[PDB]
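Data file: work_26.cif. Format and content: mmCIF, C-alpha atoms and all ligand atoms.
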```
data_work
#
loop_
_atom_site.label_atom_id
_atom_site.label_comp_id
_atom_site.auth_asym_id
_atom_site.auth_seq_id
_atom_site.Cartn_x
_atom_site.Cartn_y
_atom_site.Cartn_z
CA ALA C 1 -13.57 -133.81 -0.89
CA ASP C 2 -10.00 -133.68 0.30
CA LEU C 3 -8.74 -135.25 3.51
CA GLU C 4 -9.03 -132.20 5.79
CA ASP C 5 -12.63 -131.48 4.76
CA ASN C 6 -13.66 -135.08 5.38
CA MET C 7 -11.92 -134.96 8.77
CA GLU C 8 -13.76 -131.74 9.63
CA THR C 9 -17.01 -133.45 8.68
CA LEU C 10 -16.32 -136.39 11.00
CA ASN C 11 -15.40 -134.01 13.83
CA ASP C 12 -18.44 -131.80 13.22
CA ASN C 13 -21.00 -134.61 12.87
CA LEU C 14 -19.73 -136.00 16.17
CA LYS C 15 -20.83 -132.69 17.69
CA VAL C 16 -24.20 -133.01 15.93
CA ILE C 17 -24.65 -136.44 17.52
CA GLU C 18 -23.64 -135.38 21.04
CA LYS C 19 -26.51 -132.87 21.23
CA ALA C 20 -29.05 -134.74 19.05
CA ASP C 21 -32.59 -135.32 20.38
CA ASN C 22 -33.74 -138.42 18.48
CA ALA C 23 -32.55 -141.47 16.58
CA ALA C 24 -33.27 -139.94 13.16
CA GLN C 25 -30.82 -137.09 13.87
CA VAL C 26 -28.10 -139.51 14.97
CA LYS C 27 -28.87 -141.66 11.93
CA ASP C 28 -28.31 -138.85 9.41
CA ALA C 29 -25.13 -137.67 11.13
CA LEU C 30 -23.64 -141.18 11.24
CA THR C 31 -24.63 -141.58 7.59
CA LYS C 32 -22.65 -138.48 6.60
CA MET C 33 -19.77 -139.70 8.79
CA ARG C 34 -19.71 -143.05 7.00
CA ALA C 35 -19.49 -141.39 3.59
CA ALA C 36 -16.74 -138.99 4.75
CA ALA C 37 -14.72 -141.86 6.24
CA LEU C 38 -14.77 -143.78 2.95
CA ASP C 39 -14.02 -140.56 1.04
CA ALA C 40 -11.06 -139.91 3.35
CA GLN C 41 -9.86 -143.46 2.67
CA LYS C 42 -9.24 -142.48 -0.96
CA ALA C 43 -6.88 -139.62 -0.03
CA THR C 44 -3.17 -139.65 0.74
CA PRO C 45 -2.24 -138.12 4.11
CA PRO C 46 0.46 -135.42 3.93
CA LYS C 47 2.87 -137.43 6.06
CA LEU C 48 2.64 -140.33 3.56
CA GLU C 49 2.50 -138.19 0.38
CA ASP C 50 5.77 -139.65 -0.94
CA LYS C 51 5.31 -143.27 0.06
CA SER C 52 4.16 -145.80 -2.51
CA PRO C 53 0.35 -146.09 -2.78
CA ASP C 54 0.90 -149.74 -1.83
CA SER C 55 3.12 -149.12 1.23
CA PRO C 56 2.29 -150.80 4.57
CA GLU C 57 1.70 -147.36 6.08
CA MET C 58 -0.82 -146.44 3.38
CA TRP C 59 -2.73 -149.71 3.84
CA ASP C 60 -2.73 -149.36 7.63
CA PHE C 61 -4.05 -145.84 6.99
CA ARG C 62 -6.76 -147.08 4.60
CA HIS C 63 -7.68 -150.05 6.81
CA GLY C 64 -8.29 -147.67 9.70
CA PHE C 65 -11.28 -146.27 7.82
CA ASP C 66 -12.66 -149.76 7.17
CA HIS C 67 -12.38 -150.38 10.92
CA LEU C 68 -14.00 -147.03 11.73
CA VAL C 69 -16.82 -147.70 9.27
CA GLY C 70 -17.45 -151.12 10.83
CA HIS C 71 -18.06 -149.39 14.17
CA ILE C 72 -20.14 -146.67 12.52
CA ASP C 73 -22.18 -149.46 10.91
CA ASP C 74 -23.22 -151.02 14.21
CA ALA C 75 -23.84 -147.58 15.69
CA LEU C 76 -26.06 -146.98 12.65
CA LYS C 77 -27.96 -150.22 13.37
CA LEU C 78 -28.72 -149.00 16.90
CA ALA C 79 -30.02 -145.69 15.56
CA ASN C 80 -32.03 -147.52 12.89
CA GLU C 81 -33.80 -149.44 15.67
CA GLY C 82 -34.45 -146.34 17.80
CA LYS C 83 -31.66 -146.68 20.37
CA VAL C 84 -30.76 -142.99 20.54
CA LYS C 85 -28.72 -143.23 23.76
CA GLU C 86 -26.63 -146.28 22.79
CA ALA C 87 -25.89 -144.96 19.29
CA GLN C 88 -24.80 -141.64 20.81
CA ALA C 89 -22.46 -143.49 23.16
CA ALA C 90 -21.20 -145.66 20.30
CA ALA C 91 -20.63 -142.48 18.26
CA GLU C 92 -18.81 -140.48 20.93
CA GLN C 93 -16.54 -143.43 21.64
CA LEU C 94 -15.40 -143.45 18.01
CA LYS C 95 -12.94 -140.82 19.24
CA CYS C 96 -10.79 -143.65 20.60
CA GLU C 97 -10.30 -144.85 17.00
CA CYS C 98 -9.92 -141.29 15.70
CA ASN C 99 -7.08 -140.66 18.16
CA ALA C 100 -5.42 -144.03 17.43
CA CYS C 101 -4.97 -143.24 13.75
CA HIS C 102 -4.02 -139.61 14.47
CA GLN C 103 -1.18 -140.72 16.75
CA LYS C 104 0.37 -142.58 13.79
CA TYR C 105 -0.39 -140.54 10.67
CA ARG C 106 -1.83 -137.13 11.55
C1 LIG C 201 -6.81 -142.73 9.93
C2 LIG C 201 -7.48 -143.98 9.33
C3 LIG C 201 -7.79 -141.70 10.57
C4 LIG C 201 -8.95 -141.88 11.24
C5 LIG C 201 -9.73 -143.17 11.55
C6 LIG C 201 -9.41 -140.58 11.69
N1 LIG C 201 -8.49 -139.62 11.28
FE1 LIG C 201 -8.67 -137.63 11.52
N2 LIG C 201 -6.85 -137.32 10.57
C7 LIG C 201 -6.11 -138.34 9.97
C8 LIG C 201 -4.98 -137.74 9.27
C9 LIG C 201 -3.89 -138.46 8.45
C10 LIG C 201 -5.12 -136.24 9.48
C11 LIG C 201 -4.21 -135.13 8.92
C12 LIG C 201 -4.94 -134.50 7.75
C13 LIG C 201 -4.09 -133.48 7.01
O1 LIG C 201 -4.40 -133.17 5.83
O2 LIG C 201 -3.09 -133.00 7.59
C14 LIG C 201 -6.30 -136.07 10.30
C15 LIG C 201 -6.78 -134.86 10.74
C16 LIG C 201 -7.91 -134.63 11.48
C17 LIG C 201 -8.42 -133.33 11.85
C18 LIG C 201 -7.72 -132.00 11.48
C19 LIG C 201 -8.32 -131.54 10.15
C20 LIG C 201 -7.67 -130.28 9.65
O3 LIG C 201 -8.39 -129.26 9.48
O4 LIG C 201 -6.43 -130.28 9.42
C21 LIG C 201 -9.56 -133.52 12.54
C22 LIG C 201 -10.47 -132.44 13.16
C23 LIG C 201 -9.81 -134.95 12.62
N3 LIG C 201 -8.79 -135.59 11.95
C24 LIG C 201 -10.89 -135.57 13.23
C25 LIG C 201 -11.18 -136.93 13.20
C26 LIG C 201 -12.33 -137.59 13.79
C27 LIG C 201 -13.44 -136.87 14.60
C28 LIG C 201 -12.25 -138.92 13.56
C29 LIG C 201 -13.20 -140.05 14.04
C30 LIG C 201 -14.69 -139.88 13.67
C31 LIG C 201 -11.03 -139.13 12.79
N4 LIG C 201 -10.41 -137.91 12.60
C32 LIG C 201 -10.57 -140.34 12.38
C33 LIG C 201 -6.37 -139.69 10.04
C34 LIG C 201 -7.48 -140.29 10.61
FE FE C 202 -19.78 -155.27 13.47
#
```
For the structure just supplied, provide its representation as structure tokens.
Amino acid sequence: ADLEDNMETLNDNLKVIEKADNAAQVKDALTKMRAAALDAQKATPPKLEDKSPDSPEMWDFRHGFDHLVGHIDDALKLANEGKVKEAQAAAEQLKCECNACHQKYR
């Protein structure tokens, strides 16, 4: 999918998590978020469309998704072990990282 769709999916699955009732629901939502984040990593953001694929901006962009996924991964662990409330908190606080990349490249 293209970058905007993947970003909508992250934003929407965050909403799924915020109102989820059990760890299985949070697990599936974080799973779809992880895939979308790595899919978004393969795109080129409009602001960087005419930079080299190997530019420092493009690698800071791509590395942001690695960093996001690392936090999703530990949130996923919590949900895998039944910690609904902690995984929800871990998930909602991803917004800090969302906003940090947005300030630079959105
Ligand atoms: C950089 C590594 C990013 C991270 C991490 C997140 N986002 Fe993002 N976002 C990024 C860019 C470069 C853009 C612009 C996309 C474009 O094509 O113009 C966006 C945009 C969004 C949007 C708007 C989507 C749209 O319809 O135009 C949303 C709703 C959004 N981003 C949400 C979002 C969330 C919830 C994130 C954390 C889970 C997140 N983003 C991370 C770059 C990056
Ligand atoms: Fe970790």
Could you list, with a cut-off of 8 Å and counting all atoms listed in the file, the residues of chain C near ligand FE 202 (chain C), each shown with its nearest atom pair and the distance in Å rounded to one decimal, rows sorted by chain and ascending number, as a Markdown table?
```
| residue | atom | partner | partner_atom | distance |
| --- | --- | --- | --- | --- |
| C:70 | CA | C:FE202 | FE | 5.4 |
| C:71 | CA | C:FE202 | FE | 6.2 |
| C:73 | CA | C:FE202 | FE | 6.8 |
| C:74 | CA | C:FE202 | FE | 5.5 |
```
For the interface of chain C with ligand LIG 201 (chain C) (cut-off 6 Å, counting all atoms listed in the file), please tabulate each contacting residue of chain C alongside its nearest pair of atoms and their separation in Å to one decimal, rows sorted by chain and increasing number, as a tab-separated table.
```
residue	atom	partner	partner_atom	distance
C:3	CA	C:LIG201	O1	5.3
C:4	CA	C:LIG201	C19	4.5
C:7	CA	C:LIG201	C23	4.4
C:8	CA	C:LIG201	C22	4.9
C:10	CA	C:LIG201	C27	4.6
C:11	CA	C:LIG201	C27	3.6
C:45	CA	C:LIG201	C9	4.7
C:46	CA	C:LIG201	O2	5.6
C:61	CA	C:LIG201	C2	4.5
C:62	CA	C:LIG201	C2	5.7
C:64	CA	C:LIG201	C2	3.8
C:65	CA	C:LIG201	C2	4.7
C:68	CA	C:LIG201	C5	5.8
C:94	CA	C:LIG201	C30	5.7
C:95	CA	C:LIG201	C29	5.3
C:97	CA	C:LIG201	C5	5.7
C:98	CA	C:LIG201	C32	3.5
C:101	CA	C:LIG201	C1	4.3
C:102	CA	C:LIG201	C33	5.0
C:105	CA	C:LIG201	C9	4.6
C:106	CA	C:LIG201	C8	3.9
```
Take the residues that were just selected and, keeping C-alpha atoms, output them as a PDB file, in the frame of the given file.
```pdb
ATOM      1  CA  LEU C   3      -8.740-135.250   3.510  1.00  0.00           C
ATOM      2  CA  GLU C   4      -9.030-132.200   5.790  1.00  0.00           C
ATOM      3  CA  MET C   7     -11.920-134.960   8.770  1.00  0.00           C
ATOM      4  CA  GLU C   8     -13.760-131.740   9.630  1.00  0.00           C
ATOM      5  CA  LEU C  10     -16.320-136.390  11.000  1.00  0.00           C
ATOM      6  CA  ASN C  11     -15.400-134.010  13.830  1.00  0.00           C
ATOM      7  CA  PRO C  45      -2.240-138.120   4.110  1.00  0.00           C
ATOM      8  CA  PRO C  46       0.460-135.420   3.930  1.00  0.00           C
ATOM      9  CA  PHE C  61      -4.050-145.840   6.990  1.00  0.00           C
ATOM     10  CA  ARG C  62      -6.760-147.080   4.600  1.00  0.00           C
ATOM     11  CA  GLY C  64      -8.290-147.670   9.700  1.00  0.00           C
ATOM     12  CA  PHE C  65     -11.280-146.270   7.820  1.00  0.00           C
ATOM     13  CA  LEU C  68     -14.000-147.030  11.730  1.00  0.00           C
ATOM     14  CA  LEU C  94     -15.400-143.450  18.010  1.00  0.00           C
ATOM     15  CA  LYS C  95     -12.940-140.820  19.240  1.00  0.00           C
ATOM     16  CA  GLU C  97     -10.300-144.850  17.000  1.00  0.00           C
ATOM     17  CA  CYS C  98      -9.920-141.290  15.700  1.00  0.00           C
ATOM     18  CA  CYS C 101      -4.970-143.240  13.750  1.00  0.00           C
ATOM     19  CA  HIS C 102      -4.020-139.610  14.470  1.00  0.00           C
ATOM     20  CA  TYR C 105      -0.390-140.540  10.670  1.00  0.00           C
ATOM     21  CA  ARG C 106      -1.830-137.130  11.550  1.00  0.00           C
TER      22      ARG C 106
END
```
(message) Just checking: using only C-alpha atoms, which residue out of C:54, C:18, C:49, C:5 ends up closest to residue 93 of chain C?
(response)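 When distances to residue 93 of chain C are compared using only C-alpha atoms, the smallest one comes from C:18.
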With segment 75-88 of chain C as the partner and 12 Å as the cut-off, tabulate the residues of segment 12-61 of chain C that qualify, each row holding the nearest pair of atoms and their distance in Å to one decimal, using all atoms listed in the file, sorted by chain and rising number, as JSON lines.
```
{"residue": "C:13", "atom": "CA", "partner": "C:88", "partner_atom": "CA", "distance": 11.3}
{"residue": "C:14", "atom": "CA", "partner": "C:88", "partner_atom": "CA", "distance": 8.9}
{"residue": "C:15", "atom": "CA", "partner": "C:88", "partner_atom": "CA", "distance": 10.3}
{"residue": "C:16", "atom": "CA", "partner": "C:88", "partner_atom": "CA", "distance": 9.9}
{"residue": "C:17", "atom": "CA", "partner": "C:88", "partner_atom": "CA", "distance": 6.2}
{"residue": "C:18", "atom": "CA", "partner": "C:88", "partner_atom": "CA", "distance": 6.4}
{"residue": "C:19", "atom": "CA", "partner": "C:88", "partner_atom": "CA", "distance": 8.9}
{"residue": "C:20", "atom": "CA", "partner": "C:88", "partner_atom": "CA", "distance": 8.3}
{"residue": "C:21", "atom": "CA", "partner": "C:84", "partner_atom": "CA", "distance": 7.9}
{"residue": "C:22", "atom": "CA", "partner": "C:84", "partner_atom": "CA", "distance": 5.8}
{"residue": "C:23", "atom": "CA", "partner": "C:84", "partner_atom": "CA", "distance": 4.6}
{"residue": "C:24", "atom": "CA", "partner": "C:79", "partner_atom": "CA", "distance": 7.0}
{"residue": "C:25", "atom": "CA", "partner": "C:79", "partner_atom": "CA", "distance": 8.8}
{"residue": "C:26", "atom": "CA", "partner": "C:79", "partner_atom": "CA", "distance": 6.5}
{"residue": "C:27", "atom": "CA", "partner": "C:79", "partner_atom": "CA", "distance": 5.5}
{"residue": "C:28", "atom": "CA", "partner": "C:76", "partner_atom": "CA", "distance": 9.0}
{"residue": "C:29", "atom": "CA", "partner": "C:76", "partner_atom": "CA", "distance": 9.5}
{"residue": "C:30", "atom": "CA", "partner": "C:76", "partner_atom": "CA", "distance": 6.4}
{"residue": "C:31", "atom": "CA", "partner": "C:76", "partner_atom": "CA", "distance": 7.5}
{"residue": "C:32", "atom": "CA", "partner": "C:76", "partner_atom": "CA", "distance": 11.0}
{"residue": "C:33", "atom": "CA", "partner": "C:76", "partner_atom": "CA", "distance": 10.4}
{"residue": "C:34", "atom": "CA", "partner": "C:76", "partner_atom": "CA", "distance": 9.4}
```
(request) Find the residue from C:42, C:92, C:100, C:6 that sits nearest to residue 58 of chain C; use all atoms listed in the file when measuring. (result)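 The closest residue to residue 58 of chain C is C:42.
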